[PDB]
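Q: Turn this into a structure:
(2 chains)
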2 protein chains.
Amino acid sequence: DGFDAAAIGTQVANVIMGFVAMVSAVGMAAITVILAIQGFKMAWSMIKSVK
Amino acid sequence: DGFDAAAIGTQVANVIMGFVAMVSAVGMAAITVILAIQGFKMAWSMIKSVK
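A: Numbering: from 1, shown residues only, chains lettered A, B, ... in the order given. See below for the structure:
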């Protein structure tokens, strides 16, 4: 009857495409860790196979 | 984000450039042996070809 479906259907989507920011931010604060270990793993990794 | 990569990247390297000492020490305790045999090898070696 009214059909206020798509009008609010975009409104809702716009609240939550403007939410990637958080996932990227917590992203960055994953990698710093994953590098820290990874880069530290690769430190000894060569000098395992130094032999 | 933080980028604590090079700061700790040197820190790690400094633990392990301060590790040559051991390799030199076990070095010295190779050669004493290798001389012992080598010098003892050269002992008879001339007096093989004494003829």
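
Q: what helix or strand is the residue of chain A found nearest chain B on?
A: In chain A, the residue that lies nearest chain B is residue A:28 (4.0 Å; CB to the nearest CB). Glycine gets a C-beta too; all of them are placed from N, C-alpha and C. For residue A:28, the host element (DSSP states H and E) is helix A:20-46.

Q: centre of the chain versus that helix, how much separation?
A: Centre-to-centre, helix A:20-46 and its host chain are 11 Å apart (CA atoms, centre = their mean, to the nearest Å).

Q: what comes up buried for it?
A: Under the neighbour-count criterion of 16 or more other CB atoms under 10 Å in any protein chain shown, helix A:20-46 has residue A:35 buried.

Q: circling back to that earlier point, the closest residue in space to the residue of chain A closest to chain B that isn't next to it in sequence: how many residues sit nearby?
A: Closest residue to residue A:28 apart from its sequence neighbours, by CB to CB, 6 or more residues apart in numbering or on different chains: residue B:1 at 4.0 Å. As a burial measure, residue B:1 scores 9 neighbours (other CB atoms under 10 Å in any protein chain shown).

Q: And the helix holding residue A:28, what does it pack against?
A: Counting contacts by 3 or more CB pairs under 8 Å, 6 or more residues apart in numbering or on different chains; DSSP states H and E, helix A:20-46 is packed against helix B:6-17.

Q: Identify the residues contacting the helix it packs on?
A: Contact with helix B:6-17 is made by A:36, A:39, A:40, A:43, A:47, as judged by CB atoms under 8 Å, 6 or more residues apart in numbering or on different chains.

Q: one more time with 7 Å
A: Residues from elsewhere that reach helix B:6-17 (CB atoms under 7 Å, 6 or more residues apart in numbering or on different chains): A:40, A:43.

Q: How far off centre is that helix?
A: Its chain's average C-alpha position is 22 Å from that of helix B:6-17, according to CA atoms, centre = their mean.

Q: List the buried residues of it.
A: Neighbour counts over helix B:6-17 (16+ other CB under 10 Å) mark no residue as buried.

Q: Fine, thanks again, bye for now.
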